[PDB]
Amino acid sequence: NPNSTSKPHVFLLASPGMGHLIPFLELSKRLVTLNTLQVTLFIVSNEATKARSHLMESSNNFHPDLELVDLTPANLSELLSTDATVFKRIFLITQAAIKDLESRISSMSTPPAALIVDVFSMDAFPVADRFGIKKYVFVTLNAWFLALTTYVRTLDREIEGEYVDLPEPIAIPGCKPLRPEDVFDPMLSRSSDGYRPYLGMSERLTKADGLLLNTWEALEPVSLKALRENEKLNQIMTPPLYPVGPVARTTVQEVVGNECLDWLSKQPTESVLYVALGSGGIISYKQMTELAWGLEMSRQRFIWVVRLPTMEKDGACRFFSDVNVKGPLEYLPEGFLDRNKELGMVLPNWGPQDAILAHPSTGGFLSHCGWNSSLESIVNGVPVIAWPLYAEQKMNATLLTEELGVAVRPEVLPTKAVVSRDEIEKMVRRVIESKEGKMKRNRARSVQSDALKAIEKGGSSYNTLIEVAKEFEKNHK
């Protein structure tokens, strides 16, 4: 109908990584379901995978007014080959897409009403500025991370020497102090190639017209209050703050024909441990051997997502790929798959995590505590074995364990020492079979209740998302 009113158009931009794409897909669907917004999500990826194709295909059929556009640049072998951390390469790949984004915006009769980018994608800000587009960052991390990020440029001036050498916890104004061993990966060495980019991220976030945050009032009342009211922090991070979390898959729709899920439905309630170290997590061959034996020795049911072990060229994580279909199985102990066929299912590379964590037969989650995975454990009330590896996962693991009370963790960080099969067996038993595990599942359940309330009608995050969506609507005004 050419005489019908057109909805205002919101653009989103997600950088490489399942942990950026998945929450951006969920936010995009939440926005479009308000029935007042045209939504286009531009996706930048590191490579083609079956997992990404299925995610994209599902989403591009969700709603008429929701569109997905693949902006992955066509000549990535050079950028992926850069001798740099995955963290830094995410920036480099995203930068290689900005010109194409600007091309898309220029061809439009009317510019988008808003642009929402992730923390790796703020090189799109000049594009927004040229077209008069309000720019928002969807910070897909938690408030504690946002506080640290707000204040890290001050920390850079005030602390001499390495953060990891400091004697006591790092004060963050108004907030829980940060243990030196828990600092965000780029802070682990001030000579790392991600440390300066992180300082730049800190500065550029202050230039946003608004910040959407994947947390909720009931989860992080102290950190949100510090961000909002502590002069040391609200003097720096001036943009308006919108907690809209949990932005996470909270409806899983029935799957026909999935071998994993069909098997899971045959297991007893709360009996299966899901084991998956995100999309990017990798472990050494030696650690993989201990984990395999730990799971076998526990005699608990499990679903274990495995990848190729760490190689010489690997850093702290690995760009997600699914072309090594069978290779990861080659690094299990001889006969493992057949020896554990009654209780254990091993999946190379990718599993249906949303459906598994929502399944009533799942009893626990051995997680690397990436923030999306953490949220998926919370929205489903699943207790956690915390196994942080990279990014801000050590902070997340501490949040889950010390503040929420929903997690068990090894004595020593897995990045500092191999976790033995004996400790693993003990952790798995504690979470799945023991009375302590029932207590942490009940705690998780309690946390879940307030998380779901936040995004249901009338919840704090639901209303905050409405408020944000009205700013986009007024931008059109």
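All residue numbers are counted from 1 along the displayed sequence.
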query	finding
Higher-B stretch (mean Cα B-factor, as the entry records it), 50-58 or 430-438	50-58
164-172 versus 202-210 - greater average Cα B-factor per the deposited record	164-172
Candidate residues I98, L155, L261, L366, the one whose C-alpha B factor the record puts highest	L155
Selection by C-alpha B-factor (highest) of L37, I43, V408, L27	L37
Third of chain Cα B-factors occupied by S265	middle
Within-chain third of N380 by Cα B-factor, per the entry	lowest
Chain-relative CA temperature factor third for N463	highest
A454, C-alpha B-factor rank within chain (lowest, middle or highest third)	middle
For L219, the third of its chain into which the C-alpha B factor falls	middle
